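Residue-level structural notes
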Amino acid sequence: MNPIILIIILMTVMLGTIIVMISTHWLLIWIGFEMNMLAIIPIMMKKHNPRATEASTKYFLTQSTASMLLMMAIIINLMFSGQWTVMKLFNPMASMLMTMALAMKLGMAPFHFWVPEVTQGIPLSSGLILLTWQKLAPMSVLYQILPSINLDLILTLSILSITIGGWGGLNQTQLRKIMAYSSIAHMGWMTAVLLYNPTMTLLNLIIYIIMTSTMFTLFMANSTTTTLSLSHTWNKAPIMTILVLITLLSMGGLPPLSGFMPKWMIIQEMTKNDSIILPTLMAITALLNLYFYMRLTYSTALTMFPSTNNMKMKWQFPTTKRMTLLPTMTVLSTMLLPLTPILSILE
Amino acid sequence: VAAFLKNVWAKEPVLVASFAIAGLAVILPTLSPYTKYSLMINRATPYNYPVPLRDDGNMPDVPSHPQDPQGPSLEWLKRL
Amino acid sequence: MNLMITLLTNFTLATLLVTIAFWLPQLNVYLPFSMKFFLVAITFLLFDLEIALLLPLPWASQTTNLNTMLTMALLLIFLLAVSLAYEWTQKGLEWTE
Amino acid sequence: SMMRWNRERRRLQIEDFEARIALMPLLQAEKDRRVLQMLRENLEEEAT
Amino acid sequence: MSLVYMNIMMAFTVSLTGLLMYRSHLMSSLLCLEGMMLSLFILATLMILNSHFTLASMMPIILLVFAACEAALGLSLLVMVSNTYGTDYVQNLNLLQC
Amino acid sequence: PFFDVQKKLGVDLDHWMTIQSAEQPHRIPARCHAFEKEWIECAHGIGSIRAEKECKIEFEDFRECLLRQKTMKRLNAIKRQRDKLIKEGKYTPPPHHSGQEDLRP
Amino acid sequence: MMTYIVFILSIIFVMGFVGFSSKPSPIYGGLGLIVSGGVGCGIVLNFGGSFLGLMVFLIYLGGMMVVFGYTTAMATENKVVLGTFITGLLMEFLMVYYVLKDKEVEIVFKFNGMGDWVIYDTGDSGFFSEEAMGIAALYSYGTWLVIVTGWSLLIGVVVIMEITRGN
Amino acid sequence: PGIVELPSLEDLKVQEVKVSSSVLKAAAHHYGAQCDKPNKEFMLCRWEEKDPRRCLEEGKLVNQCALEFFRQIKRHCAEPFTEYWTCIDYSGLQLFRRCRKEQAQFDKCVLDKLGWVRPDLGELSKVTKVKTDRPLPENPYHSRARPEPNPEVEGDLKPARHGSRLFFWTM
Amino acid sequence: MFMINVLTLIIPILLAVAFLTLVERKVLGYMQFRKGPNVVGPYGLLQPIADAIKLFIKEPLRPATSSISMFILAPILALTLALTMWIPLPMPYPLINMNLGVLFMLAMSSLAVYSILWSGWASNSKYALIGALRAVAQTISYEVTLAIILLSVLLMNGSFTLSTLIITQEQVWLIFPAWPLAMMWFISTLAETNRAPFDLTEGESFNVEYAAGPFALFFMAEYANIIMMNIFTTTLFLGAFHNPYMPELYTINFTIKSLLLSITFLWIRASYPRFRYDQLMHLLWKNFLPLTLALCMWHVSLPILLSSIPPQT
Ligand SMILES: CCCCCCCCCCCCCCCCCC(=O)OC[C@H](COP(=O)([O-])OC[C@H](O)COP(=O)([O-])OC[C@H](COC(=O)CCCCCCCCCCCCCCCCC)OC(=O)CCCCCCCCCCCCCCCCC)OC(=O)CCCCCCCCCCCCCCCCC
Ligand SMILES: CCCCCCCCCCCCCCCCCC(=O)OC[C@H](COP(=O)([O-])OCC[N+](C)(C)C)OC(=O)CCCCCCCCCCCCCCCCC
Ligand SMILES: CCCCCCCCCCCCCCCCCC(=O)OC[C@H](COP(=O)(O)OCCN)OC(=O)CCCCCCCCCCCCCCCCC
Ligand SMILES: CCCCCCCCCCCCCCCCCC(=O)OC[C@H](COP(=O)(O)OCCN)OC(=O)CCCCCCCCCCCCCCCCC
Ligand SMILES: CCCCCCCCCCCCCCCCCC(=O)OC[C@H](COP(=O)(O)OCCN)OC(=O)CCCCCCCCCCCCCCCCC
Ligand SMILES: CCCCCCCCCCC1=C(C)C(=O)C(OC)=C(OC)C1=O
């Protein structure tokens, strides 16, 4: 791809999400989602192989279906309210359709079935964009419509995403599917706290984006898309194994790390609202996520897998890859828990 | 700036005419003295009913009848 | 109403003439895919959407916001021209130019 | 030629619109009595 | 509410269930998707014309334009799928199960 | 994250199409302009939670302007009782509801 | 019967959607969506939307479904379809029978069964079409809408040229 | 809710202006000149009251002042007016520009026998002022009392007592 | 009484299409240093009747068509759309006086490519489908400049009303302020009707499976389209004088101009070789479309800078 065309297309992805974040009219929300999907299709077809075309076709079909359901929810809102303000919806059917549409755009279970396929089909940088930047616009729409979101629907989606994303990553050896099921479980955690305190939704979103960007940046820096190619990293770059160790222990939510910060605050907001069974079962279900994170830490940092002879050639060459913000992201994804009360800046 | 223009006029006169007509479309309404009259004629066209005002007692510029002297006039449009 | 009658009359005359032409002589016994055509059809579709944006201009010239209207009209025709210029320079208009 | 004739057509349009404006109070009074007539007839038949 | 809205919503749900139950062709899925768009156009248009909501009269055009651009993108994806397998069958798009 | 860039910069990107009671071309009113103006001026500034309970009358009047469900239900009742009385023969329509009176103006 | 003309056109509209959504072949599906687009244009025309209905003909049918049938003719060259078609047809005519015998129905929303002429306005708009004026205001009031739509169409040109190249 | 209050069929009886629209369009400019005051009283009442039931009597004055307009044409200038509205009536769009000499004869006969001057281009579209004796409607939308607003923020902003109070943080 | 008006529109359409074939064969005769048909009728006037009777009793070609339904629908759609393009035409009064008649004609002419597409797919021949796809791509290409030229011209009209376009041209023909639009319009209508030098359905570098009857139906739809686009070009750029008390002056005047413009189509097919397919694609996308966009900008900005914005009504 032409680098100028790449810059214009990435600015258009950003512009679509920004239009979603700044607009007061529902048509401009829908336009921001259309602009974002249209611009992100070439980022997925960047390398021109049949797996990327299949991933882009599956992504197109799910996001287009969600976009039509979103427009039907907008149109039903216009029936029962005569207006277009991005605020609470004025019909429970429109609220259900918009919550379904946003759950499809997020890839929350049981609309999760595209996220491991599309994440596996595309390069690591475009899957980084898919799992971090593409969550931002539907979460902002969920933020603004929460006075009309049905509680049982959003909590069903939340627990179903956490359980399905926990069990889905246990069977995986591909790193992109591991990050995709990890994404599904973390979005379940974000929507579970949404009607109680959406500031903790924003906190979980930001910490998830930092940790996921860290893991994708490590995978890009080591050119690893499988568990077994990530297991060669100790014989090539031993600092990278320490970084994937601390970041995966943080994504499991183990204190004293920063990824313990969201779920703890989420439990802290769900028990104030007298929900005790639900954050309990959510936290116990997240042990599945920690189990396959620990599987990756065993294969990468805590043991030394056998290498190959040709690795000795790669000892003679330094990493020329721009590992953009990787030390900053690695520090923020691990050492941020003593600054947990900084979350009030999200209020 | 002069050999280039003659070169592109010899090779591609369709594109030279296209960019010339488009440039005259862009810059000439800012240079026309009659662009103001377009706005004046559009705002002088009465699509709606001129809903009258309650005479509170002190409105010297608002007429009491259409044939009164005060009020907006269209002599500029009859004359031009 | 007169329009529905006229459409029904034209459709009835056309169906009657087709029924004659398929059943009057019954009395006697007696590809590989081309990317280029798809690209010109999609270029038609995109410029046709741009035309759909341009179609309310004879009504849009009647506004009292003429500086804004003229700016946006010239900007839409300019973006249609930039679409054509990008289609030109990236060899999209080639072998069916 | 189109400049002169479109300016004349705009003046003719303003004359048509002011004929409309001068007729609108009579039409509005007739429309009001028309709709109140029809609502009163519907009200009496609803009562019976 | 008014009786035509029932049928336009039912048309949307019929094209929704057509788009949510594939048979074989990706083109038939794209046709059901654009049928969903057409019904959204008609429903938006009938609301906006009934309400005499003047500025929203430009809304369905925008809804048309974006979605037809979306449709163009879909056709291009189909063509690239059809440039891989010879058909646009959805059962050929299963490499990402593993 | 509704970053309110439009209020921050003072630009009107999309507030103009948002409601029917906004400024329209040629001052064309919506059919529910008065009801929407009443519901917006009621519910302004008091928050959505207080607006659900304190502006219910204006919002029900405005929803009934928008969809005319109570009006059509009443016309259903009148027309159905009229058809029943025509079938029973206990009513006859007047000449002005049959087309024999040569309307007003 | 003629007071129900928008309702009759909407019945034909749903019948056309059951036609193509049962998916016989994408060419017959294209034909069913064409007939549906024509009758939906007729519905829009009967609510007074002349320009929006002509946009359905010019842009949806004459622009987009032409490209659909074109791509289908370049790519292409039952019992489930017929059963699905009669299923949707019987569901639609049961809806018709219920809302005509009761003058009210409730599938998900409550629907009146009177002719949909009843909801209209009883005045005039003077010397303009209100729908034409609201579409004309895209250039005066819809500046940001023009910007985002034209930018999305330019990006759409660029995106189609990127993904169809294969390089 | 309440019973709607409609005026009776006797209160809606008035002597109608039973002339066609070409007659009205031919007489329109002199009608807007001569019958200005009750028309503008009615339209002021009609935009202020926002209710036709509150505007009936003024409307009758409109229907009283139009007829006196036409009788004064029928007494003096019936034949040039008839020749003018017939030529207006031929056209499908009812053009003024097709009928300028019949207009000139009608305006000549009206300016001579009645002294009426036809309004210039721009005059009948002016916003005029109307002196009325009816009171201004204090609540034309019939709105009830608005809900009381929430209390605003006031007072000096002091630091948070013992910090964030988040579980064990002292700041 | 309205049905009489519909019949006096559409049956003289069919008669004028029947005698356009005679006019074409005679004019292409006398421009090729020979005579046309002058044997069958007096001055050859019974040649279209004899040719119609010959085509109606010719043997059916019996295709093993892919779809029977679209094979029937393509002539029905072609003839129906060819007849409905005439109903808003002001000559001086239209059959259907509609406010958006220009846009109606643009939409109903954009629908006419489905007859080409359905006839090409309904044939078994892959090469008939390839020729149909080429013809559809040609037609949708020149529809772009049709739409934009027509929009640029109607910026001087004020509306989409076809009858207003007579009022627009009372002082001057509209070919005087818009002759570049007029000439690109005329060549674009030439390429719309698959007419020479744009007839690649007759060149060796789509409806061959139809019998003689349905081929005659496609042919008469095509000549109805030719006469109609010449009438529409006449109304659009060469608007005649209209006296409302003598409408036949307008009818005679527009009829003479439309006949001369149809004969100009006949002159053009007897004067030039064909384009190659990429060459008329080059003519559209690289020559007519940049000038058409430039002139569309110019005809947006010109009524604002001259204070010559036409009325809406
Ligand atoms: C006149 C103008 C000039 C005046 C100058 C005055 C100052 C002159 C001296 C200059 C230096 C002053 C330093 C700051 C004051 C002391 C802060 C302090 O100790 O807070 C006690 C803090 C609370 O104790 P306290 O008895 O209630 O308060 C005593 C004061 O009133 C504390 O005051 P406070 O009540 O205002 O404290 C506020 C609050 C008090 O704290 C709380 O409200 C409780 C929450 C604390 C956070 C708990 C996080 C738990 C989960 C994460 C566990 C981290 C893993 C452990 C570390 C791994 C190894 C790196 O602190 C925070 O919220 C900050 C978060 C903790 C950071 C403490 C400052 C560290 C600066 C240097 C960093 C170097 C690396 C340190 C290790 C990294 C982890 C911290 O102690 C702890 O929480 C235990 C951890 C100890 C903190 C670090 C000690 C600082 C000095 C380290 C030097 C050696 C570094 C060795 C190499 C690097 C490591 C390998
Ligand atoms: C409507 C009534 C009738 C109208 C006129 C029609 C009658 C005449 C018909 C003649 C026979 C045509 C048969 C078919 C021919 C098809 C080929 C053809 O014509 O190709 C077109 C040719 C194509 O060019 P070409 O292919 O021959 O040339 C080679 C082109 N390149 C360099 C790209 C390889 O020309 C055009 O496209 C021009 C279209 C009209 C342009 C009008 C410009 C007006 C003046 C603008 C200003 C110029 C001055 C500079 C700026 C000044 C600013 C103040
Ligand atoms: C309220 C919240 C509002 C919003 C707040 C902000 C949200 C930020 C969301 C972050 C999402 C970032 C997605 C990545 C950047 C987008 C463009 C991109 O992917 O560029 C990467 C680029 C591509 O390289 P390429 O050549 O394509 O690789 C193929 C192999 N040669 O180059 C590379 O691949 C180089 C490898 C390193 C790239 C690392 C990029 C890190 C960016 C994320 C930083 C962390 C998130 C920001 C901080 C927290 C914010 C919540
Ligand atoms: C394969 C199927 C068969 C194919 C062959 C036959 C069909 C193809 C050829 C016929 C195409 C039919 C097109 C019908 C609509 C055309 C648009 C239209 O009506 O525009 C004219 C006019 C708009 O102008 P305006 O002046 O504003 O309206 C009067 C207001 N004073 O609007 C009016 O005057 C409005 C008049 C009332 C509303 C008319 C509605 C007509 C019926 C609906 C469409 C019927 C056909 C549907 C399928 C067509 C094929 C897609
Ligand atoms: C600022 C005003 C508004 C501008 C935008 C609106 C334009 C309206 C017209 C629409 C044009 C859209 C398409 C433009 C495509 C341009 C790129 C191009 O054509 O490059 C290729 C061409 C060489 O042609 P080639 O590739 O060989 O094609 C086969 C034929 N030989 O390369 C060339 O022939 C070079 C073409 C560029 C130079 C032309 C210079 C004309 C100057 C006229 C006078 C100045 C006018 C004022 C504006 C400044 C223009 C630079
Ligand atoms: C019943 C009304 C007439 C039906 C159509 C038949 C007559 C018109 C087309 C016949 C025709 C003529 C005269 C003709 O001259 C000709 O050659 C150029 C044809 O073949 C291409 C024809 O098809």
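Residues numbered from 1 in each chain as written, not as in the entry; some residues may be left out. Chains lettered and ligands numbered in written order. Part of a larger assembly, values for the part shown. Heavy atoms only, no water.

1. Overview of helix α3 (residues 68–84) of chain I
Along its 17 residues, α3 of chain I runs 25 Å from first to last C-alpha, staying within 8% of the 24 Å computed at 1.5 Å per residue. In terms of residue burial, α3 of chain I counts as a mostly covered element, since 12 of its 17 residues are buried. All buried positions along α3 of chain I are accounted for by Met-70, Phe-71, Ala-74, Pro-75, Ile-76, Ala-78, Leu-79, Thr-80, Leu-81, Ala-82, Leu-83 and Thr-84 of chain I. Tucked into the core, α3 of chain I has its buried residues touching α1 (2–23) of chain C, α2 (26–46) of chain G together with α1 (2–30), α4 (101–110), α5 (113–122) and α9 (212–237) of chain I. (Helix = DSSP H or I, 4+ residues; strand = E, 2+ residues; numbered from the N terminus. Expected span 1.5 Å × (residues − 1). Buried < 20%, exposed > 50% of the residue type's maximum accessible area, 1.4 Å probe, protein only. Contact = heavy atoms within 4.5 Å.)

2. Points about the pattern of salt bridges
Applying the stated criterion across every chain yields a total of 36 salt bridges over all chains. Among the ionic pairs, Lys-286 of chain I bridges to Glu-94 of chain C, the shortest N-O distance being 3.2 Å. Of this pair, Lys-286 of chain I sits in helix α11 (residues 277–305) while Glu-94 of chain C sits in the segment after α4 (66–89), which puts the two residues in different chains. Classification of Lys-286 of chain I by relative accessible area gives buried; the value is 8%. For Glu-68 of chain H, the salt bridge identified is with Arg-75 of chain H, shortest N-O distance 3.6 Å. Accessibility expressed as a relative area gives 51% for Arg-75 of chain H, which makes it exposed. One continuous salt-bridge network, built from bridges that share partners, spans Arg-54 of chain B together with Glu-48, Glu-49 and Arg-134 of chain H. (Salt bridge = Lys/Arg side-chain N within 4 Å of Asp/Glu carboxyl O.)

3. A word on the site of ligand 3
Neighbouring residues of ligand 3: 18 residues in total, closest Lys-46, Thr-132, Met-220, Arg-322 and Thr-324 of chain A. Two or more chains meet at ligand 3, and those chains are chains A and F. Considering ligand 3 on its own, with 1,100 Å² of exposed area, one finds that the protein chains cover 60% of that surface. The greatest single-element share of the shell around ligand 3, amounting to 6 residues, is contributed by helix α10 (residues 198–222) of chain A. (Near = heavy atom within 4 Å. Areas by Shrake-Rupley, 256 points an atom, 1.4 Å probe, with all protein chains shown as cover.)

4. Side note on the UniProt feature "transmembrane region" in chain E
All names here are of chain E. Per the UniProt entry, the sites bearing "transmembrane region" are residues 1–21, 29–49 and 61–81 in this numbering. When the span residues 1–21 is considered, its composition is 81% helix and 0% strand, and the gap between its end C-alpha atoms is 29 Å. Helix and strand shares over residues 61–81 are 100% and 0% respectively, and the end C-alpha atoms of the span are 30 Å apart. (UniProt positions renumbered as here; feature names shortened; annotations may be inferred.)

5. Regarding the interface of chain H and chain I
Between chain H and chain I, the residue contacts involve 5 residues of the former and 5 residues of the latter. Between the two partners, chain H and chain I, sit 2 salt bridges. In this structure, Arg-97 of chain H engages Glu-170 of chain I in a salt bridge whose closest nitrogen and oxygen atoms are separated by 2.9 Å. Where chain H meets chain I, there are 3 residue pairs in polar contact. Each residue belonging to the side of chain H that touches chain I can be placed in one class, and the counts come to 3 nonpolar, no polar and 2 charged. (Polar contact = N/O pair within 3.5 Å; in protein donor to acceptor, adjacent residues only side chain to side chain. Nonpolar A, V, L, I, M, F, W, Y, C, P; charged D, E, K, R; others polar.)

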